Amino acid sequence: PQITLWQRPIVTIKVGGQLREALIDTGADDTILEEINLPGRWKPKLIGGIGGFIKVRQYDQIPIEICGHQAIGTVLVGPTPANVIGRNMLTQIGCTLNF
């Protein structure tokens, strides 16, 4: 699709067998999801944003469906106030900015 920005650009994703809504976030380098049960090994990571840093679980090579497009990559799980799809996934689905 084309998505305008009059509202938050929220899409449906499937990840870990579960359905969620997430923001298409061009200001996010990585993909960060609120607490969600994902399978397998992970590494603890501290990440920074507006207001300080959070501890996340890093999961690699996680398949995700983003508004009906398939991607695979790193997903960080932790106490984010919003589920965000970052550039690591957006590049795989061919997402661009236009003006």
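All residue numbers refer to positions in the sequence shown, first residue = 1.
**Study point:** Higher-scoring stretch by recorded Cα B factor average, 40-48 or 70-78
**Key:** Higher of the two, by average CA B-factor, is 40-48.
Check your understanding: Say you rank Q7, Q2, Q92, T96 by Cα B-factor from the PDB entry; which sits at the top?
Key -> Max CA B-factor in the entry, restricted to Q7, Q2, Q92, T96: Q2.
Practice item. Check where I54 lands among this chain's C-alpha B-factors and tell me if it's the lowest, middle or highest third. Key: It falls in the top third of the chain.
Review point. What third of the chain, by the recorded C-alpha B-factor, contains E34?
Key: Ranked within chain, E34 CA B lands in the highest tercile.
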